[PDB]
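*Asks:* Below is one structure. I have some questions about it.
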Amino acid sequence: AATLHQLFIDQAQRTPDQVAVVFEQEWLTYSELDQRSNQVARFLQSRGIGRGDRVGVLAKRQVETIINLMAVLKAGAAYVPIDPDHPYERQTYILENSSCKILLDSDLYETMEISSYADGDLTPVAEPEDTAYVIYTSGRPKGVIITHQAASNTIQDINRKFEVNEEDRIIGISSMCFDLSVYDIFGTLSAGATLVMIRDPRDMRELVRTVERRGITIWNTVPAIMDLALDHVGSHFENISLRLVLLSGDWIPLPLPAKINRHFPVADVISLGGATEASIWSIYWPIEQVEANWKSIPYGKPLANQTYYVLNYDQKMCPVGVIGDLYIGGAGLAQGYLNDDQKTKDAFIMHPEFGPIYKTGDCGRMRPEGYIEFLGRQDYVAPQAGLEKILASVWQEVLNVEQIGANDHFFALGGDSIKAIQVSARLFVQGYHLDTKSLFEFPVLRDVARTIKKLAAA
Amino acid sequence: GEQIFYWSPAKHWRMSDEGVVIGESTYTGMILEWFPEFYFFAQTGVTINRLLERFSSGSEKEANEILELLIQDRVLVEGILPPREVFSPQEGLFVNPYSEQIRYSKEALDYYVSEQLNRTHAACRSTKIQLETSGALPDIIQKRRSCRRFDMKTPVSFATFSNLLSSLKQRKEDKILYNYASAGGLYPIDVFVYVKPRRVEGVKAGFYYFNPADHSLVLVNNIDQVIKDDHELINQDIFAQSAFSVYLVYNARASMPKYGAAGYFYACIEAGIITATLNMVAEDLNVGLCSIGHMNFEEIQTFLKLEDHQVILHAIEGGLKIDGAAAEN
Amino acid sequence: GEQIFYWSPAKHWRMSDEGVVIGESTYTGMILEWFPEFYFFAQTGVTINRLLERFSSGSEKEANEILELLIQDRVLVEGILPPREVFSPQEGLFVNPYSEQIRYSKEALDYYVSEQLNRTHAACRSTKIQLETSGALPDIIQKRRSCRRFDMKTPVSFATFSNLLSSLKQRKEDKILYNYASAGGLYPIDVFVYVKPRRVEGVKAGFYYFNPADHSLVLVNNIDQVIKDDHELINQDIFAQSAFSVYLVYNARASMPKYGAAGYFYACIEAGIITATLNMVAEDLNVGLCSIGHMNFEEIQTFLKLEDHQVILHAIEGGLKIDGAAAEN
Ligand SMILES: *P(=O)(O)OCC(C)(C)[C@@H](O)C(=O)NCCC(=O)NCCS[C@@H](CS(=O)(=O)NC[C@H]1O[C@@H](n2cnc3c(N)ncnc32)[C@H](O)[C@@H]1O)[C@@H](N)CS
Ligand SMILES: Cc1cc2nc3c(=O)[nH]c(=O)nc-3n(C[C@H](O)[C@H](O)[C@H](O)COP(=O)(O)O)c2cc1C
Ligand SMILES: Cc1cc2nc3c(=O)[nH]c(=O)nc-3n(C[C@H](O)[C@H](O)[C@H](O)COP(=O)(O)O)c2cc1C
């Protein structure tokens with residue numbers, strides 16, 4: 001599978017007029033993305049960017065960001081995504097810790113007049129053993145070094161196991177600072193499919209309209225996004241464009257496949273997850289319908305070119321199951337942590353009877369049915385209106401409290417992003433069909449009440 | 001390189017104690033000092049930047065908020081107005097002698113209609129010439145009806161679809177000719193079609209521009225699609241069943257340089273000429289059509305990537321007529 | 001009992017050092033003190049008497065002079081605007097990329113036309129579907145041409161004239177039906193005909209209102225007549241030869257109570273539907289027709305004794321096609 005950018009070039013020659021990536025009103029075809037990524041890649045080389053370098057890119061929800069990413073890979077260098085909403089001190093840490101030379105934003109192709117550079121093919125630079133991207137997690141944060149050979153193995157097997165082709169349309173919900181997006185960008189391109197970018201990932205109502213309006217066929221998020229979105233969905237809703245749901249990240253709730261099957265009766269929902277420390281994904285397990293219901297959803301078998309182990313204290317396989325630590329190996333393994341030898345030596349180790357392995361830190365057991373089950377990881381006043389009381393009651397059930405001041409900031413009870421959507425989702429269900437966001441921009445309980453009620457349905 | 005905005009002809013105004021009345025809304029804040037000079041300035045065509053330099057005097061964030069709202073509320077516009085905005089001031093000129101319940105009550109409307117269908121001009125004299133009905137009318141004219149339910153299984157054959165759309169093509173014969181009339185022979189109506197999946201043999205879903213010179217469809221947009229929420233409630237089942245959607249678009253650049261504003265008027269007439277012409281070829285080919293007065297044209301206009309000099313005038317839903325079932329595909 | 005006048009939507013304004021700018025004219029005298037409050041007052045509908053009481057303050061002769069001129073110059077109007085006034089503000093919104101010589105030079109126009117007939121939408125993709133011309137079109141559609149010279153000797157037979165006008169009549173069949181479409185089935189276009197002497201068998205010269213419910217002509221005016229100076233120079237020979245003139249008139253009372261301003265828009269579309277429908281029945285009966293965009297409708301409107309809620313949208317000249325001579329009578 002060579003490199004990530006080579007899979008795009010080969011497919012861009014097959015279907016040059018196919019849409020490559022769409023945001024809102026202007027979008028790039030495969031020939032357009034190839035022409036503008038070549039022009040910027042030559043611009044990077046004029047600044048001395050070559051093999052072994054690392055380039056910072058800002059993960060804004062614009063088609064220019066796709067060009068910069070592809071242009072960095074074409075220059076032979078790896079890219080490090082930077083969240084534009086992160087504070088300056090955290091953005092600065094990653095840029096200096098990763099030893100990046102420059103940072104690319106959306107102000108480049110027009111600002112530097114790069115439309116004048118050459119738009120033709122560039123004799124390759126990167127090899128499959130080269131680093132494609134370094135992404136930082138657990139913000140202090142640690143970077144993960146993923147190679148081109150590794151990132152291509154995960155992407156190639158998803159598309160071939162699920163027959164991703166030109167007719168597919170992938171909704172780009174995950175932020176590019178999260179490794180999941182790599183399939184939304186590169187896995188989509190390697191099959192000739194179209195990527196639809198999302199302006200706001202926490203606007204659940206817009207996510208629903210986007211799937212219906214643009215005929216989205218592939219959904220690839222953390223299961224929390226699908227469960228929160230289907231709580232902004234009426235009881236009589238039904239969509240037949242979505243044909244594949246890839247869920248990974250955090251636990252996988254049991255009531256969620258029931259929601260997915262009832263609203264997308266044609267979607268093949270797949271329960272997976274493969275640790276960012278490896279190629280993004282590593283485990284493959286389709287919901288094989290449901291003939292079994294207990295208390296947990298099993299992880300699955302290795303995706304491809306990867307292995308799984310339940311190991312004890314001497315790094316030996318636990319017999320006929322035996323809950324233990326979870327290890328992975330194969331072609332998906334990362335090179336290591338960037339500029340941290342202590343974490344790399346502890347996490348990436350050598351197996352006495354097999355190739356290198358990585359310690360996920362998760363706990364689990366091999367079921368006698370052939371699948372591994374996930375068993376956890378780390379061991380050790382009064383309202384002034386009826387509408388204010390209803391809104392407080394929703395804050396009470398989501399945040400588990402009693403009575404609150406209307407001026408208590410929504411996170412005075414520990415409220416976060418996921419619980420912010422949970423609050424507005426329940427407000428949406430009962431008939432307050434307005435702004436389901438705007439929970440942190442408006443601290444006052446009443447200010448949210450004036451924003452969520454009125455108008456609503458029609 | 002900057003966008004130039006004009007005061008909308010559809011918006012009339014007044015100054016007030018409350019604030020600046022524009023249309024049906026009263027505005028407050030910076031906009032009160034900018035006015036009325038802002039009105040005078042805006043008919044001439046001004047950019048956002050020039051407006052800020054002239055009126056900002058303070059927070060450019062405070063100046064941008066009022067400018068953003070006048071563009072949003074369509075008081076400041078970037079190009080020609082759609083028909084609905086053109087005609088909106090006429091409501092203040094028509095004295096309505098009937099009750100509003102005609103629009104809300106099927107019983108009040110059924111009576112208003114029967115009165116309007118037996119109306120006569122008031123200045124009629126007491127002389128009469130009874131003519132003759134003895135004539136015969138072509139069935140394609142006399143049997144045309146508005147079809148609001150279509151065969152959703154049998155695809156429109158590629159031959160049928162080609163024949164229907166050949167009514168709009170060019171004919172080279174010492175001079176370019178069409179099969180329908182056009183003020184000044186300028187033919188400024190762009191014709192677009194949205195085709196639903198599997199409903200027209202040979203045509204993938206998507207928005208196409210019909211080029212009458214080649215007799216070809218040229219794709220504009222296969223990503224987006226028309227949905228039922230883009231249609232008025234009373235029309236959503238018409239659209240649901242239909243195989244394709246026709247959109248009649250006025251190209252001001254093909255008309256106004258010669259006839260001025262009357263070319264926009266002529267294109268509205270020409271839209272009807274096209275609509276009626278279409279509905280007859282359709283009857284010849286056992287295709288049904290139904291004209292659609294209103295729909296979310298703001299979205300369709302965006303899907304078709306129309307320019308500032310193009311506005312959608314009319315829409316038509318079409319498909320094969322019911323007569324026999326088929327295998328479900 | 002007093003007449004109520006409204007500020008015309010087609011007129012936009014500005015205050016000046018010179019005086020009161022309204023449209024393309026600057027006004028002087030009393031009107032400078034009355035303004036701008038007069039503008040605000042006038043959109044609401046005011047009489048001449050009420051205006052005098054409020055603004056006269058002096059010579060009622062001096063007050064009447066400015067009121068007489070604002071009504072004459074169409075700044076103050078008594079009813080719905082004709083199409084040409086409706087669309088007039090659009091000139092300030094259309095940026096023309098061509099030179100004015102298209103309108104003054106047959107050579108500049110012939111080039112502008114050929115460019116507009118080979119135009120395409122700019123947002124077209126590089127995909128194509130070549131359809132099929134193999135089809136057959138009805139001769140009544142494909143052979144219709146604009147006829148600008150008519151047989152001035154052979155009278156239109158009473159049967160032929162009756163058949164042509166039967167395209168517009170009603171049909172009772174559990175519900176009133178026409179042979180052509182109409183937004184909401186309200187059919188708000190009044191149809192009038194002017195017949196020249198001796199040119200239509202059975203019909204004396206004069207203006208008639210066609211009643212579609214009876215299928216009858218009802219005289220409106222036999223005293224006045226249409227002349228060549230009522231027509232644009234380029235059309236005077238069309239009218240000279242023609243046997244009759246059709247006038248399409250919008251009856252706001254048959255439409256606007258239901259659809260508001262959009263009903264005026266719909267009637268403009270319906271006028272084209274009628275025009276096109278007519279031109280096909282005519283081809284079936286070897287009658288020629290030619291649509292007329294502009295003419296002195298201010299006079300024709302007066303001859304027909306139209307009310308405030310009626311405006312003329314379109315005119316058509318018609319007659320028998322040339323093929324053989326006859327005895328001069
Ligand atoms: P607010 O504004 O902050 O709200 C928005 C937020 C940020 C809350 C929300 O929109 C959001 O999370 N948006 C980001 C998109 C997204 O999906 N981000 C998640 C990263 S995807 C990546 C995570 S990971 O799997 O690598 N984490 C590794 C680690 O997770 C555990 N794990 C994951 N799936 C598991 C399953 N199914 N079962 C057990 N454990 C699972 C493992 O321990 C694994 O090692 C994924 N896509 C790549 S694998
Ligand atoms: C501009 C226009 C818009 C129309 N819109 C609708 C519509 O939205 N829904 C509908 O059911 N019929 C619609 N019609 C159909 C006619 O209003 C009417 O039902 C019929 O066409 C009158 O003659 P017919 O019944 O023989 O077709 C429309 C017609 C016109 C001319
Ligand atoms: C609204 C309208 C007004 C027209 N006015 C005139 C006119 O004043 N004089 C004229 O010679 N032709 C006039 N025509 C004829 C057409 O502009 C054009 O000459 C011809 O109809 C195009 O197709 P045809 O030549 O097959 O009829 C008019 C057509 C339309 C639609």
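In the structure tokens, the first chain shown is A, the next is B, and so on; residue numbers restart at 1 for each chain, and ligands run from 1 in the order shown.
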Report as a list in words the set of chain B residues whose atoms approach chain A to within 9 Å, with distances computed over only C-alpha atoms.
*Replies:* residues 222, 223, 224, 225, 226, 227, 302, 303 and 305 of chain B
*Asks:* As a quick test: using only C-alpha atoms and all ligand atoms, which residues lie no more than 7 Å away from ligand 3? Give them as a VMD selection string.
*Replies:* (chain B and resid 177 to 185 266 270) or (chain C and resid 144 to 146 148 234 to 235 290 to 294)
*Asks:* Restricting the output to N, CA, C and O atoms, write the selected residues as a CSV table (one decimal), in the first residue's frame.
*Replies:*
chain,number,residue,atom,x,y,z
B,177,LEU,N,-32.8,28.8,-34.0
B,177,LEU,CA,-34.3,28.8,-33.8
B,177,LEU,C,-34.6,27.9,-32.7
B,177,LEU,O,-33.9,26.8,-32.5
B,178,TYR,N,-35.6,28.2,-31.9
B,178,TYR,CA,-36.2,27.3,-30.9
B,178,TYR,C,-37.6,26.9,-31.4
B,178,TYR,O,-38.1,27.3,-32.4
B,179,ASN,N,-38.3,26.1,-30.5
B,179,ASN,CA,-39.6,25.7,-30.8
B,179,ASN,C,-40.6,26.6,-30.0
B,179,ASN,O,-41.8,26.2,-29.9
B,180,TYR,N,-40.1,27.6,-29.4
B,180,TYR,CA,-40.9,28.5,-28.5
B,180,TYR,C,-40.4,29.9,-28.6
B,180,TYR,O,-39.2,30.2,-29.0
B,181,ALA,N,-41.2,30.9,-28.3
B,181,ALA,CA,-41.0,32.3,-28.5
B,181,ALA,C,-40.2,32.9,-27.3
B,181,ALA,O,-40.1,32.4,-26.2
B,182,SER,N,-39.6,34.0,-27.6
B,182,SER,CA,-38.7,34.7,-26.6
B,182,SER,C,-38.6,36.2,-27.1
B,182,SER,O,-38.2,36.4,-28.2
B,183,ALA,N,-38.9,37.1,-26.2
B,183,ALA,CA,-38.8,38.5,-26.4
B,183,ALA,C,-37.4,38.8,-27.0
B,183,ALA,O,-36.4,38.6,-26.4
B,184,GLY,N,-37.4,39.4,-28.2
B,184,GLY,CA,-36.2,39.7,-28.9
B,184,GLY,C,-35.3,38.5,-29.3
B,184,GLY,O,-34.2,38.7,-29.7
B,185,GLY,N,-35.9,37.3,-29.2
B,185,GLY,CA,-35.2,36.1,-29.5
B,185,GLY,C,-33.9,35.9,-28.8
B,185,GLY,O,-32.9,35.3,-29.3
B,266,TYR,N,-40.3,40.1,-19.3
B,266,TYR,CA,-40.4,39.2,-20.5
B,266,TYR,C,-40.1,37.8,-20.1
B,266,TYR,O,-40.7,36.8,-20.6
B,270,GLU,N,-42.0,34.4,-20.6
B,270,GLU,CA,-41.4,33.3,-21.3
B,270,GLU,C,-41.3,32.0,-20.5
B,270,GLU,O,-41.4,30.9,-21.0
C,144,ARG,N,-44.8,26.6,-35.5
C,144,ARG,CA,-45.2,28.0,-35.1
C,144,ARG,C,-44.1,29.0,-35.3
C,144,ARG,O,-43.0,28.8,-34.9
C,145,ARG,N,-44.4,30.1,-36.0
C,145,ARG,CA,-43.5,31.2,-36.2
C,145,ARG,C,-44.3,32.5,-35.9
C,145,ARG,O,-45.5,32.5,-35.9
C,146,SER,N,-43.5,33.5,-35.6
C,146,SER,CA,-44.2,34.9,-35.4
C,146,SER,C,-44.5,35.5,-36.8
C,146,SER,O,-43.6,35.7,-37.6
C,148,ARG,N,-45.7,38.4,-39.0
C,148,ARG,CA,-45.7,39.9,-38.9
C,148,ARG,C,-46.3,40.5,-40.1
C,148,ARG,O,-46.2,41.7,-40.3
C,234,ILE,N,-41.3,49.8,-34.8
C,234,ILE,CA,-41.0,48.5,-35.3
C,234,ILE,C,-42.1,47.6,-35.4
C,234,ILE,O,-42.0,46.5,-36.1
C,235,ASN,N,-43.3,47.9,-34.8
C,235,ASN,CA,-44.5,47.1,-34.8
C,235,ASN,C,-45.6,47.6,-35.6
C,235,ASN,O,-46.7,47.0,-35.7
C,290,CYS,N,-48.5,37.2,-33.5
C,290,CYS,CA,-47.2,37.7,-33.1
C,290,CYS,C,-47.4,38.5,-31.8
C,290,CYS,O,-48.2,39.4,-31.7
C,291,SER,N,-46.6,38.1,-30.7
C,291,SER,CA,-46.7,38.8,-29.5
C,291,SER,C,-46.1,40.2,-29.5
C,291,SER,O,-45.1,40.4,-30.3
C,292,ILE,N,-46.6,41.1,-28.8
C,292,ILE,CA,-46.2,42.5,-28.7
C,292,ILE,C,-45.8,42.8,-27.3
C,292,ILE,O,-46.6,42.8,-26.4
C,293,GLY,N,-44.5,43.2,-27.1
C,293,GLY,CA,-44.1,43.5,-25.7
C,293,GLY,C,-44.6,44.8,-25.2
C,293,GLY,O,-45.1,44.9,-24.1
C,294,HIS,N,-44.4,45.9,-26.0
C,294,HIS,CA,-44.8,47.2,-25.6
C,294,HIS,C,-45.5,47.9,-26.7
C,294,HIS,O,-45.4,47.7,-27.9
*Asks:* Can you tell me, as an mmCIF file with N, CA and C atoms, in the first residue's frame, which residues in range 31-146 of chain C count as strand (DSSP E) by DSSP?
*Replies:*
data_model
loop_
_atom_site.group_PDB
_atom_site.id
_atom_site.type_symbol
_atom_site.label_atom_id
_atom_site.label_comp_id
_atom_site.auth_asym_id
_atom_site.auth_seq_id
_atom_site.Cartn_x
_atom_site.Cartn_y
_atom_site.Cartn_z
ATOM 1 N N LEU C 76 -47.642 59.641 -7.074
ATOM 2 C CA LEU C 76 -48.867 59.324 -6.354
ATOM 3 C C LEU C 76 -49.811 58.655 -7.341
ATOM 4 N N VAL C 77 -50.286 57.460 -6.995
ATOM 5 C CA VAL C 77 -51.039 56.620 -7.914
ATOM 6 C C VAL C 77 -52.308 56.146 -7.223
ATOM 7 N N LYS C 128 -20.840 14.815 -19.474
ATOM 8 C CA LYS C 128 -21.834 15.072 -20.505
ATOM 9 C C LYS C 128 -22.657 13.814 -20.745
ATOM 10 N N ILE C 129 -23.933 14.030 -21.059
ATOM 11 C CA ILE C 129 -24.830 12.974 -21.517
ATOM 12 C C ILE C 129 -25.480 13.424 -22.822
ATOM 13 N N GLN C 130 -25.012 12.890 -23.942
ATOM 14 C CA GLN C 130 -25.585 13.242 -25.232
ATOM 15 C C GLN C 130 -26.909 12.501 -25.370
#
*Asks:* As a list in words, please: the residues near residue 110 in chain B (cut-off 12 Å, only C-alpha atoms, same-chain neighbours under 2 positions excluded).
*Replies:*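 The neighbour list is residues 101, 102, 103, 104, 105, 106, 107, 108, 112, 113, 114, 115, 116 and 117 of chain B; 175, 176, 184, 185, 186 and 258 of chain C.
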*Asks:* Might you pull out every residue within 10 Å of residue 36 in chain C, with only C-alpha atoms counted and same-chain residues fewer than 6 positions away left off, and present them as a PyMOL selection string?
*Replies:* (chain B and resi 14-15) or (chain C and resi 13-15+20)
